[PDB]
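Below, each chain spelled out in residue letters.
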Amino acid sequence: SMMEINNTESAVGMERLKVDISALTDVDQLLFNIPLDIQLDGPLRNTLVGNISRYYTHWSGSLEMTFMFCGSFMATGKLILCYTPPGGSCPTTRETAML
Amino acid sequence: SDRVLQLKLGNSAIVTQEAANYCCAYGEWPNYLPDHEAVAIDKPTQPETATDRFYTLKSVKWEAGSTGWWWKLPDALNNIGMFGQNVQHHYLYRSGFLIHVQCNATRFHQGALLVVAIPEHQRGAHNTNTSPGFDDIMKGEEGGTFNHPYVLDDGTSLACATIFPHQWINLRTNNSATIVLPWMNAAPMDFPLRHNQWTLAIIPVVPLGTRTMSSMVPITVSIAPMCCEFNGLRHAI
Amino acid sequence: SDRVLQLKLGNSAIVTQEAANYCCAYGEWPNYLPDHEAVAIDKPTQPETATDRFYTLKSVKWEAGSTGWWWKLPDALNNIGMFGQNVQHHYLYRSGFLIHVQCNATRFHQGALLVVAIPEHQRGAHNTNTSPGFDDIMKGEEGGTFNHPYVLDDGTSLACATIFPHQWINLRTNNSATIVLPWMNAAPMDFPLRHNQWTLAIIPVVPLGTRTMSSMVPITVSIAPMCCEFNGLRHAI
Amino acid sequence: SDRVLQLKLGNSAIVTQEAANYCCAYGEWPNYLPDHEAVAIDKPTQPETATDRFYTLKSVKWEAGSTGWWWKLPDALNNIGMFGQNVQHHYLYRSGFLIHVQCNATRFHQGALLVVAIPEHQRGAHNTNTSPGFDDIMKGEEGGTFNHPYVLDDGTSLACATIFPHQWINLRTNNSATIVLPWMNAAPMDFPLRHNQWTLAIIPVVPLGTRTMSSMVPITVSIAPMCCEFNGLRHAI
Amino acid sequence: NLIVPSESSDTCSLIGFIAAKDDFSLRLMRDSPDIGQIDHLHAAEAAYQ
Amino acid sequence: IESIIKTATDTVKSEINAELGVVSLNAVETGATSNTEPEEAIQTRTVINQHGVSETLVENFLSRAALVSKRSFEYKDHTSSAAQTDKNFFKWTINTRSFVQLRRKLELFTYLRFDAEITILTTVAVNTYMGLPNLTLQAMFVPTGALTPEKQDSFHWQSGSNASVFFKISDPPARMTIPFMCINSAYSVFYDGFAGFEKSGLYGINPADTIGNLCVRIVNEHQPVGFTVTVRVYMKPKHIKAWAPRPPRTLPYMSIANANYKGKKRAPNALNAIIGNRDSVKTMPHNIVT
Amino acid sequence: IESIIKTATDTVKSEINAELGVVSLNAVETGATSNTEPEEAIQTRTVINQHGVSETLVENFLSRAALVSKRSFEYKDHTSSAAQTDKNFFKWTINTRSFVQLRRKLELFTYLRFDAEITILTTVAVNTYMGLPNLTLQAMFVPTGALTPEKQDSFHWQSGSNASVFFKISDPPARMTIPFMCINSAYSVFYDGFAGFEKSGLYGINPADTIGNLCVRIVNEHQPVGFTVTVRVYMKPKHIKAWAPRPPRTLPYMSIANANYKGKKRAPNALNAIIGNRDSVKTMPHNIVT
Amino acid sequence: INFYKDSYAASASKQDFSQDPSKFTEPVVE
Amino acid sequence: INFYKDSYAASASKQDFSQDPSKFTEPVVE
Ligand SMILES: CC(=O)N[C@@H]1[C@@H](O)[C@H](O[C@@H]2O[C@H](CO[C@]3(C(=O)O)C[C@H](O)[C@@H](NC(C)=O)[C@H]([C@H](O)[C@H](O)CO)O3)[C@H](O)[C@H](O)[C@H]2O)[C@@H](CO)O[C@H]1O
Ligand SMILES: CC(=O)N[C@@H]1[C@@H](O)[C@H](O[C@@H]2O[C@H](CO[C@]3(C(=O)O)C[C@H](O)[C@@H](NC(C)=O)[C@H]([C@H](O)[C@H](O)CO)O3)[C@H](O)[C@H](O)[C@H]2O)[C@@H](CO)O[C@H]1O
């Protein structure tokens, strides 16, 4: 079910359920990040996994994140989607997150 | 393999070839009502090819500030063809549906369509305690437009609407959605003029966008009733 | 069949789907050092998924007057992740490599990339008798740029560099090259800070060209060390 | 037979020959985490000889008014060698420990060392309601000094600390203690930077005494992590 | 890079999904913090009439 | 394929994949969820997973006894009270929609078939204090639309055929199981239509899904002093079959008669912002500071 | 070697030993306890020892129901009371550390896995006397960190999914079993670390080891007079597995948040003198006078 | 335990561990 | 006797007479 990754102001209603990516002129650039505690409020809360989990306190198990690209057929590009196990801060550069 | 699709019902046929592997709602195919679930004891009419055939609705213009479109079943079809005549001449109704939603554009267009069939889409009104009236709910063949599709016009969520039987029309990948709906009611049959078992919702999650020549992009809904039964024959209502 | 490709190593995965059937260098797959070729008698550490995983470098901007890019292995990875820590804490090193070079553009872009892995690319300097210094050769993760890629910066030839393990990224056909390198040394293991077994060279034989909207086209290098061995554990150098 | 002892782990070896028959904590030897107790589903790195090897700490001066010394594990080793690098690059940690505490003196010296490994040594502060801070607990390789070792700095007792895995270094009998610690946690693995499973405590129950030439008598702690596992590979913290 | 031609829209969207896998488990059932009330709802008094 | 699941699934160990052919990349547009296993995404170990799944059973998820009705009334002499007041008795049309914790849990489904275990707690407060009377109460189950009593000493309380339960305040709470009563095989938690043949009926309300009426009086004649008597009704669904799950309610409920929505004024759970805001999509809300 | 022990061991008769070889003299420095038998030390007789060992079973040693919480509050009208006061309700984060008899017994171990049998005794006293009201109380189990009610008539008391127990003062005490709840296989009785990724977290407190919250209200509306209502919570650990025994607490406990110590001012149980003093090491403290 | 004559009177039936999540996660035909 | 459906609900289990004191009294190897 759809993550509300664009939980920002000016993103109004349905705009919150998509992340707009643009052409960039610098390499290795961060596009978005997602906080991962399904028991908390954030992009995962109003999901089917999020809402049922918040009837519970304890949770185990793997999650899957599926991203659908919704540009045109002619749109090309490569992304890297990194999961970082906890410990320190959220990685802000690509060479830190791909570890 | 998943793209090529051929849909022949009655005298109607649809070849979609940019499809994405059709949705059978809850893994259930439409059937006739069996004798161990039947209630109404008169012999039903099962018109077969007279009703079990694709009914194309009026197309809607997919536009930049569009919110969404909904059609309620059987209400969108209760006045069309021999399905509408069997609806108007019988008290009881039972069928499944084959919904085929069609929207193509160029390879330079972007846009995603959540095409979702909602069972018992009890619509809420916004910013009032008064329930929606008959005219707000029973739109017929024209259908309605979503007011706040982000909460699916019922205070819930677009984001979790993938729990319902759905496909997507991502203009990159495909140009057609195909949902096969069975009978979805607490009762075996139903009075088709006061109750809607399914609501086809079609929602712009990603809006239509391009920088090529702006054409009218339509969304065309073809609905085939499947395994129609009609009990309680009388005069036309 | 040749286009679809799935590369899972450790916690890293790459799905390329405009690929062109990956190159195994000299038909040789990386292995661990067997006992009949082994020299160093201490038990090596084989960190497995801690090091045998894709390391993405910094992307380079494919531009109109670009000559080429080179990265030397293991030197491009000697300071990255747990591979770099095993390099810095051990005297000896042996691994293979899985190099995955990524560059896409539109269907209106033209351009060919010779993506070639050169064994023992002893670089020559131009117009001097002085050998290249340490700073000219050991660039690390940033890599270097070809000065005269037509002679491969060693007085030979770009034209005959297809004798080395290579693929092409022709922007018509594919967007990714994949070369699998084994251990390529006269010795079983090696000191990874003073010797480079492989040089990944990426060269614009046909330059980037289009008449559509000019976007930054990057070339992204992901390198997975394969079958890492490390002997001679000590303090970090 | 009990005195002679040979401890080879990785490239590290210890021959103690005035030992007193090594302690295996709770009769349990370190093992890797089995599949029926495992939680984290990624394949762990088990660096083997790169981490399963003796790490010698800084020696402490056994002096006349000494109270005691403590080191918390894994915190005393989280920045040492390839164990520290695997700690800093992984979220999860699991190992056992082989602790070898070394202190010799002459046959004219007297003194007893309670060398005790305390599981979950939650330290209390003295004469205050405020809990100990991060800087009081997480000393790292230097370790800490006991404030009131008679109550083990937690309001309990030195006298009953023989319920924990311990040996003695009585300068008459032996010059080395050897405790083998397994994984000692309620969880299968752990985040090694915020939790200490074991505290090695070394306490002067009988003080150092002699009437011969006064020499610096040191206490040397060598700790070998045993059966290291590391899950959740990422960047260095 | 996101690399589009001139007649594609230069900004493209990603829809992200999340599900749980089948190794997923939930324990300790609690009231949901996602719904609440500080009043009675409208027409709830009409159930007493 | 339908199967019996008592624990969460085991993880199998996996190795390095480098294959040109079969795919971590699926087809969203089919409406199918990603079948990508962690064995196929990362290099896994073997985990024998012994985590039970019984607490998310729909029977356990819904068979919590939840407050469905909470009615205070004056237990006193009602010779000179208003015609709105509960004059030692109230009636209550049984609904699951007045209290939002049970309402959102039941509205996670389209169809529910359950027996309703009804528990009735009665508390009494003196309106000076002389003690609490051990009062007898009558709770009479009346069907939807049927005749309910109009006074405290009504002859409708005789219960010739209506089920009544008599219970005292000193007793344990009164407890009855109401069966699955619907004329249909399930209750419609949501009803997309009118349950009447004219076009003036109520939308969203099928009286087939109404359990019935609790008509709760105090059997005792009034005391010389007044008492406030609070009756709390608890419903535990049981023998539950649930069909067609729905998106949960995100916006605050406005009414019990419908699914009308307003949202809160700001995020979270606003009309145009369900999740609370962060500064940007690359802002991490609870970033660890080091 | 692990073995089943139901009685204390028998003594075998022994004779005169005069042997040059195998040893009453052991090796302390190995950390091993002396294995010297009384047969090897003195000349013994045969004793068939029938003394049971069941009362020192850890299950029997710890499955005593012990007072863990004791909270008095005013049951009255709280229109004009302070914002600190329990206004007909209290919440309590369940701990085993507030009462020192249970605390020292549980802190004899490093790890404990037990189900918590929770018994709730309620006593009421009039704040002149007119009798004691048979009040209904609600004890609602709330998880660690979850939402607890903020007033007496809060809508969080509806308990859609929280477990609540309703009980009367005239009844036997309310009794619930809380399961072994920890995310780990045991509770950490002592936690040598921080349970947070930053360096500002609390030392010694792992919220995994917190059972949860008891939110205890009076369900009744307030009476015209005030009452003091004392709620006592009792916990009996059961199905107990205990790991890694520890030295017992000798010094008096200072706090529940930590293991901080002060000692008493003099022996016994002082910082520098745990046992009470005698005059010399050759002074016998209770010497028989003849 | 149930001493009532109606089967709906019984306690809750927390014993049905049959799952078919594929009717919601894979409601596709090919 | 236990008529509850959860096994943790049962009375205390005062029946485990297995002892291994040698893991505390003889934690030595030779
Ligand atoms: C309690 C704590 O540790 N910190 C509080 C911050 O979390 C809070 O910041 C706000 O937090 C909000 C949390 O979102 C929910 C929630 O609790 O999960 C989302 C729920 O769906 C929502 N429930 C309902 C019925 O609407 C719930 C509710 O609004 C709150 O409990 C009401 O207080 O909130 C949310 O993310 C906000 O956007 C965020 O600002 C701060 C206030 O800034 O207070 C801290 O005490
Ligand atoms: C009761 C009696 O027959 N005789 C009393 C003497 O025993 C007492 O002399 C003092 O006795 C003290 C006893 O030690 C303990 C105990 O009761 O075992 C040690 C306990 O750990 C301690 N408990 C705590 C929580 O600290 C306990 C406690 O301090 C006392 O009960 C407090 O009164 O004491 C101890 O040995 C003293 O050093 C010794 O002087 C004399 C007083 O001189 O009073 C007699 O009634």
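Residues numbered from 1 in each chain as written, not as in the entry; some residues may be left out. Chains lettered and ligands numbered in written order. Part of a larger assembly, values for the part shown. Heavy atoms only, no water.

As annotated in the PDB entry, chain F is viral protein 1 from Enterovirus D68.

Chain A is annotated in the PDB entry as viral protein 3 of Enterovirus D68.

Considerations on the overall build of chain A
Within chain A, the secondary structure is distributed over 2 helices and 3 strands. Shown N-terminal to C-terminal, the secondary structure of chain A runs as helices and strands in the order β-α-β-β-α. The proportion of buried residues among the 99 residues of chain A is 61%. Across chain A, every contact between residues at least 6 apart in sequence was considered, and the portion connecting residues at least 24 apart equals 40%. Separation between the mean location of the 6 positive side-chain charges and that of the 10 negative ones in chain A comes to 4 Å. (Helix = DSSP H or I, 4+ residues; strand = E, 2+ residues; numbered from the N terminus. Buried < 20%, exposed > 50% of the residue type's maximum accessible area, 1.4 Å probe, protein only. Contact = heavy atoms within 4.5 Å. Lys, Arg positive; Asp, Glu negative; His and termini not counted. Charge placed at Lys NZ, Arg CZ, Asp CG, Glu CD.)

Section: the interface of chain F and chain B
If you look at the interface, chain F gives 44 residues, while chain B gives 53 residues. For the pair chain F and chain B, the summed buried surface comes to about 4000 Å²; carbon and sulfur atoms form 57% of the total. Of all residues in chain F, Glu29, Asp192 and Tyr261 of chain F bury the most surface against chain B, accounting for 20% of the area lost on that side. The interface formed by chain F and chain B includes 1 salt bridge. Among the salt bridges present, the one from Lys72 of chain B reaches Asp192 of chain F, with a minimum N-O distance of 2.7 Å. Where chain F meets chain B, there are 36 residue pairs in polar contact. (Buried area = accessible area lost by both parts, 1.4 Å probe. Salt bridge = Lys/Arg side-chain N within 4 Å of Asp/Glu carboxyl O. Polar contact = N/O pair within 3.5 Å; in protein donor to acceptor, adjacent residues only side chain to side chain.)

Section: unusual backbone geometry
For the bond running from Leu73 of chain B to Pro74 of chain B, omega is 10°, close enough to zero to count as cis. Cis geometry marks the peptide bond from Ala267 of chain F to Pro268 of chain F; its omega dihedral reads 5°. You will see that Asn21 of chain C, though not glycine, has its phi angle at about 50°, which is positive.

With respect to the site of ligand 1
Around ligand 1 sit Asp41, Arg45 and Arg54 of chain A, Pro33, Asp34, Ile35 and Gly36 of chain E together with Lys264, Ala267, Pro268, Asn269 and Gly276 of chain F, and those are all the residues in its vicinity. Around ligand 1, the nearby residues trace back to chains A, E and F. The separation between an oxygen atom of ligand 1 and a polar side-chain atom of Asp41 of chain A is 2.4 Å. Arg54 of chain A has a polar side-chain atom sitting 2.4 Å from an oxygen atom of ligand 1. The protein chains hide 40% of the 870 Å² of surface that ligand 1 would expose on its own. The class makeup of the residues in the shell around ligand 1 is 4 nonpolar, 3 polar and 5 charged. (Near = heavy atom within 4 Å. Areas by Shrake-Rupley, 256 points an atom, 1.4 Å probe, with all protein chains shown as cover. Nonpolar A, V, L, I, M, F, W, Y, C, P; charged D, E, K, R; others polar.)

Let's talk about the site of ligand 2
Residue and element names in this part refer to chain G. Contacts to ligand 2 come from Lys264, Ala267, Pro268, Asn269 and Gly276. Between ligand 2 and the protein, one listed contact pairs an oxygen atom with a side-chain N or O atom of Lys264 at 3.0 Å. Here an oxygen atom of ligand 2 and a side-chain polar atom of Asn269 are 2.7 Å apart. Coverage of ligand 2 by the protein amounts to 19% of the 860 Å² it exposes when considered alone. Each residue belonging to the shell around ligand 2 can be placed in one class, and the counts come to 2 nonpolar, 2 polar and 1 charged.

Looking at the interface of chain C and chain D
Residue-level contacts link 16 residues of chain C with 16 residues of chain D. Carbon and sulfur atoms make up 55% of the area that chain C and chain D hide from each other, which totals about 1300 Å². Of all residues in chain C, the largest losses of buried area upon contact with chain D belong to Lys43, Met82 and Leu233 of chain C, amounting jointly to 38% of the total for that side. Put simply, chain C and chain D have 2 salt bridges between them. Between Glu48 of chain D and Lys43 of chain C there is a salt bridge, and its shortest N-O distance comes to 2.5 Å. At 5 residues, the largest contribution of residues to the side of chain C that touches chain D is made by helix 1 (residues 81–89) of chain C. Looking at side-chain class alone, the side of chain C that touches chain D contains 5 nonpolar, 8 polar and 3 charged residues.

Details of the sheet that holds strand 6 (residues 69–73) of chain C
All names here are of chain C. Read from one edge to the other, the open sheet built from 5 strands follows the order 9-6-12-8-10, with strand pairing classed as antiparallel. Every interior strand has two partners, whereas the edge strands, strand 9 (144–145) and strand 10 (166–170), have only one. As judged from the 2 bridges shared by strand 6 and strand 9, these two strands associate in the antiparallel manner. Note that in strand 9 the partner of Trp69 across the bridge is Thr145. (Pairing = 2+ DSSP bridges.)

A closer look at the packing of aromatic side chains
We describe a pair of aromatic rings using the distance from one ring centre to the other and the angle between the two ring planes. Inspection of the entire model under this criterion finds 49 aromatic pairs over all chains. Here the aromatic rings of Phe89 of chain F and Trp157 of chain F are separated by 6.2 Å at their centres, their planes lie at 85°, and the arrangement is edge-to-face. For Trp157 of chain F, a relative accessible area of 3% gives the class buried. Every member of this aromatic cluster is reached through a ring pair, and the members are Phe83, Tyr93, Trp183 and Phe230 of chain B. Stacked on the ring of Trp70 of chain D, the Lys or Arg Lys72 of chain D has its end atom at 5.2 Å from the ring centre. (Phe/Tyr/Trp six-rings, centres within 6.5 Å; stacked < 30°, edge-to-face > 60°. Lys NZ or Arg CZ within 6 Å of the ring centre and 35° of its normal.)

Thoughts on the pairing of strand 12 (residues 198–209) of chain C
Residues and elements named next belong to chain C. Within strand 12, 9 of the 12 residues are buried, which leaves it mostly tucked inside the rest of the structure. One ladder, built from 5 bridges, connects strand 6 with strand 12; its direction is antiparallel. The residue bridging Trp70 from the neighbouring strand is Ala201, located in strand 12.

So, a nonpolar patch on the surface
Taken together, the side chains of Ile1 and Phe3 of chain H together with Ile1 and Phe3 of chain I present a nonpolar region at the surface, about 690 Å² in accessible area. With respect to the element layout, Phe3 of chain I can be found in the segment before strand 1 (18–19). (Patch = residues over 30% accessible without salt bridge, like charges linked within 9 Å, V, L, I, M, F, W, Y side chains within 5 Å.)

So, helix 1 (residues 81–89) of chain B
Side chains that are three or four residues apart share a direction in an α-helix, a result of its 3.6 residues per turn. Buried within helix 1 of chain B we find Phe83, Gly84, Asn86, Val87 and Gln88 of chain B. Where helix 1 of chain B is buried, its residues touch strand 4 (55–56), strand 7 (90–102) and strand 13 (217–233) of chain B.

Describing the state of the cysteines
Residues and elements named next belong to chain D. Across all of its chains, the model carries 0 disulfides over all chains by this definition. The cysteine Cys103 is free of any disulfide, with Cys23 supplying the nearest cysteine sulfur at 19 Å. Its relative accessible area of 1% is what places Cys103 among the buried residues. (Disulfide = S-S within 2.5 Å.)

With respect to the pairing of strand 13 (residues 217–233) of chain D
Residues and elements named next belong to chain D. Here strand 13 lies mainly inside the structure; 16 of its 17 residues are buried. Across 2 bridges, strand 4 (residues 55–56) lies against strand 13 in antiparallel orientation. Note that in strand 13 the partner of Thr56 across the bridge is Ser222. Where strand 5 (residues 60–62) meets strand 13, 3 bridges bridge the pair, whose relative direction is antiparallel. Among the inter-strand pairings, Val60 is bridged to a residue of strand 13, identified as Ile219.

Topic: the packing of helix 1 of chain C against helix 1 (residues 81–89) of chain D
Two elements in contact, helix 1 of chain C and helix 1 of chain D, have axes separated by 11 Å at closest approach and are oriented at 170°. When the interaxial angle is binned, helix 1 of chain C and helix 1 of chain D end up roughly antiparallel. Here helix 1 of chain C contributes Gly81, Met82, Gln85, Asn86 and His89 of chain C to the contact with helix 1 of chain D, which in turn contributes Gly81, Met82, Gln85, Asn86 and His89 of chain D. Residues of the contact of helix 1 of chain C with helix 1 of chain D, tallied by class, amount to 2 nonpolar, 8 polar and no charged. (Axes fitted to C-alpha atoms, helices over the stretch in contact; angles between N-to-C directions. Parallel < 35°, antiparallel > 145°, perpendicular 65-115°, else oblique.)

Looking at the sheet that holds strand 8 (residues 110–119) of chain B
All names here are of chain B. What the 5 strands build is an open sheet, ordered 9-6-12-8-10; its pairing is antiparallel. Two strands bound the open sheet, and with one partner strand each, they are strand 9 (144–145) and strand 10 (166–170). Pairing between strand 8 and strand 12 (residues 198–209): 9 bridges, direction antiparallel. Residue pairing for strand 12: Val115 is matched across the bridge by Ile202.

Brief notes about the environment of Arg103 of chain F
The residue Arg103 of chain F is located in helix 3 (residues 100–106) in this model. Residue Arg103 of chain F is classed as buried on the basis of its relative accessible area of 2%. Sequence separation between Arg103 of chain F and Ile118 of chain F is 15 residues, and the spatial gap between their C-alpha atoms is 16 Å. Filtering out sequence-adjacent residues up to four positions away, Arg103 of chain F remains in contact with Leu41 of chain E together with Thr96, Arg97, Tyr253, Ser255, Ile256 and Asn258 of chain F.

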